[PDB]
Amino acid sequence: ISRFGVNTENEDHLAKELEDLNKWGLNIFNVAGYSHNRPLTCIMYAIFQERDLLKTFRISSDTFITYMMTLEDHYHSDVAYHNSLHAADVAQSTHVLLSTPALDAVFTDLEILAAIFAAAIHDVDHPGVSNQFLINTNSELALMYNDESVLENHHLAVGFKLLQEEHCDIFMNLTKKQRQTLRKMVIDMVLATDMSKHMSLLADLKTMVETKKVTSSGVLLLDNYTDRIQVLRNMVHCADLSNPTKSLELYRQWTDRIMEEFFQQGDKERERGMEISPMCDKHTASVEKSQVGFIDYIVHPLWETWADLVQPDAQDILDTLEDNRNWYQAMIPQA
């Protein structure tokens, strides 16, 4: 497939954007625009072809496209941030991190497959409100999942349930053992995207970086499965939290979206007579301070630790983040 729409110009524009597939600087908003709002289907198709994954795992192009279209359709286009463009971005970002020189030759094909698939599914069917909002409102999801990683268990359930239909089972030609290993890794990775787990994940990451063993050639030695899945879980987490490390033009567009989503949750809370979550309150919360806080307290400590792990691969990422942090700060009228 070369296009999803009726615009012949878009075919070329789309292929033009995709020349940047292996780059941090890819523009996913453009990909969406030139793909008839199919950024997740298209970027996933591009990534799998780039990595020869349909050949390696004997996945039918036809089945792939059907599954991806339907997965993308289970992201809510009326949710401002947690929609398929976010999934696309996190998948493309994971694609780039997987190729970082320090991890060259470290991961198996099944692990690469797992990580990109996890990214693609990691927010599917997100309703655009937080775990705590679901718990506090006694939602069906919170009752199903006993208040524990409610959204993240749901995203996994949907992504895996969609594979049950023959015409969508992209893993059909994996062996039983392969499927079982993939399922374990994806579950691990997606559950690790719950922000309630971030502090512990980072702590354990800092710990691994403390005693990392960089081989002669400059490649991290990650010998056993436990060490490999820990890097992978942190990678998908970094990709998930990569917006502030992108070009400022891209980051600003992500901010518009996450604020729209937060403030809509706040409106729901007001509507229901609930206590307003402070970061969700449009009447009082500063957009600029929210990003300075987010970077200082969450994104910078994570990315600094990641950079430290893969040095010097992530240096330009760190500088961009630090540059972007400074832009938001300078946008706060007070010193």
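Residues carry their position along the shown sequence, with the first being 1.
Taking the mean C-alpha B-factor of each stretch as recorded, 260 to 268 and 103 to 111 are not equal, and the higher mean is that of 103 to 111. In this entry, 286 to 294 shows the higher mean Cα temperature factor of the pair 286 to 294 and 34 to 42. Highest CA B-factor among 116, 241, 141, 219, as stated in the entry: 219. As recorded in the PDB entry, 205 shows the highest C-alpha B-factor of the residues 98, 129, 205, 120. When all modelled residues of the chain are sorted by CA temperature factor, residue 92 is found within the lowest third. In the deposited entry, the Cα temperature factor of residue 147 sits in the bottom third of values across the chain's modelled residues.
Split the chain's modelled residues into thirds by C-alpha temperature factor. Residue 164 is in the highest one. Per the deposited record, the Cα B-factor of residue 254 falls in the lowest third when ranked against the other modelled residues of its chain. Ranked against the other modelled residues of its chain, the C-alpha B-factor of residue 171 as given in the entry falls in the middle third.
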